[PDB]
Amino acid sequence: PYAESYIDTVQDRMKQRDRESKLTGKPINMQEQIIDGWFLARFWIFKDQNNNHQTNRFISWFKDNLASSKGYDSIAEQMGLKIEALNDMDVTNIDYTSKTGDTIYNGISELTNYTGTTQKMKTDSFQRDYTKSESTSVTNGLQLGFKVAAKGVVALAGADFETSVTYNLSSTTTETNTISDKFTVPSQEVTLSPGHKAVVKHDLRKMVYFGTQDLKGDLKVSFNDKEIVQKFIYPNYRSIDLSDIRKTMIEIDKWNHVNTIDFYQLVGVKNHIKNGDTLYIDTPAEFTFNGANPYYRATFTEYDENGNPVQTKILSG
């Protein structure tokens, strides 16, 4: 062709993509970087299989799909790009601030008394419903066309609240879940004199936690490209994983006598590849739990026959 190799263009593009992510701190486009590597690996195999016409047509098919609007989305489903989290991701550097939220119940239970004798009269228990919400956002999203969900246990140690929340590793968009839970207001202890009164004020409210964190863990990457690869060259089919992309880019740089880049260290800032199918990512995240464990305050003031407060005991909070 006596022109610039598109192969060299892709190799340099993956380098420039990873550098921008690491020099700006912004996340890399995981879809484009892995697909660009899959393309380079598949070509490095095709070039040695004695079909230069299909190899050149495989380059054309990849280029034209990139000129399309869908771009890397159309290729991602054709070669079956799959990224899934099979284990809980680690939550680190939890820093949260707490506040009280909306009222769940605010009222009183007025306990009179008329017996001529000292007593230990008691209120009764009741049960008020509420809904708690959990919202998370990933700062360094993988920028994928498909949603890649993960779980992580966020333990707000100093607040006795601990929940497993869901994240969206593909986009910075907020991921929200709402769940119905219930608080049982307890019966409260009160010692009363003849003719004295007891009031118990209930203040039950949602608790709100705003926090930052990191999210680290392994992701399984696989290519389901058996069908699309064989539409170009059918014989001598072999499956390909991230190991083959690392080998390809090493051998491409060796061909041009330049420093060998490590694909495993070319997947965006704070990220790296562990082996053929394990991508390790480390992204900042933010969370907001609205509801969680409700804050409950209960006070009791004893009034004598003249309506004067005798004693005031704290029962919750």
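Residues carry their position along the shown sequence, with the first being 1.
Trainee: On mean C-alpha B-factor from the PDB entry, just flag whether 191 to 199 or 103 to 111 is the higher one.
Mentor: So the stretch with the higher mean C-alpha B-factor is 191 to 199.
Trainee: If you average the CA temperature factors as listed in the entry, which stretch comes out higher, 283 to 291 or 41 to 49?
Mentor: Going by the record's values, the stretch with the higher mean is 41 to 49.
Trainee: Going by the entry, which of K122, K82, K216, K247 has the most elevated CA B factor?
Mentor: In the PDB entry, the greatest C-alpha B-factor among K122, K82, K216, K247 is found at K122.
Trainee: So if I compare the CA B-factors in the entry for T97, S222, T131, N140, which one is the largest?
Mentor: Max CA B-factor in the entry, restricted to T97, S222, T131, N140: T131.
Trainee: Taking the entry's C-alpha B-factors for this chain, is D64 in the lowest, middle or highest third?
Mentor: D64: CA B-factor falls in the highest third of its chain.
Trainee: Taking the entry's C-alpha B-factors for this chain, is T212 in the lowest, middle or highest third?
Mentor: Answer is lowest: the recorded C-alpha B-factor places it there.
Trainee: Could you look up the Cα B-factor of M89 in the entry and say which third of the chain it sits in: lowest, middle or highest?
Mentor: Lowest third.
Trainee: What third of its chain's C-alpha B-factors does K70 belong to: lowest, middle or highest?
Mentor: It belongs to the highest third of the chain when residues are ordered by C-alpha B-factor.
Trainee: Looking at the temperature factor on the CA atom of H257, which third of the chain's modelled residues does it land in?
Mentor: According to the entry, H257 has a C-alpha B-factor in the chain's highest third.
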